[PDB]
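A single chain, nothing else alongside it, follows as structure tokens in the form deposited in one PDB entry.
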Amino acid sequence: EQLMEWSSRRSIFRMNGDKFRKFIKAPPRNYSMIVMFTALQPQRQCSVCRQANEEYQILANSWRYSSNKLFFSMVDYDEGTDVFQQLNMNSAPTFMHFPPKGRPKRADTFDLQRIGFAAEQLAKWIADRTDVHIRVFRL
């Protein structure tokens, strides 16, 4: 049932390895999870991560204002190193959707290199993957 613990609320769940596995890898689940894998710490100087996180934050708060079976989270490289390794990530940022049942599918990784990371675009993707339609407020 773990939903109740899933609230929890700074609009985007800051996850370590333990939290990622508990709330995303471990069953049971009946919710979808969106995860932004990022590297925001200043010594990394990932400008793309900083920009994309600002769009992610717009999307996540747009959900929070009107909306559970969908939650937003992030894994920062320097907080979830084991997680990047598990998922063979050599780069950042990436956005993924983890369905409640089984593994993410090929489309469950957002095509960032093709699309950009506009909030509106991320919401299009989430709707194609979960049928949850988020109307983005303010660009």
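Throughout, we count residues from 1 along the sequence that is shown.
This next part talks about the form deposited with a partner chain bound, which is not shown.
In the deposited bound form, at least one heavy atom of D78 sits within 4.5 Å of a heavy atom of the partner chain.
At the 4.5 Å threshold, heavy atoms of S91 reach the partner chain in the deposited bound form.
Among residues of the shown chain, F84 is one whose heavy atoms approach the partner chain to within 4.5 Å in the deposited bound form. Of the heavy atoms in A60, none are within 4.5 Å of the partner chain in the deposited bound form. The stretch that touches the partner chain in the deposited bound form, counting heavy atoms within 4.5 Å, is 91-99, out of 91-99, 51-59, 25-33, 106-114.
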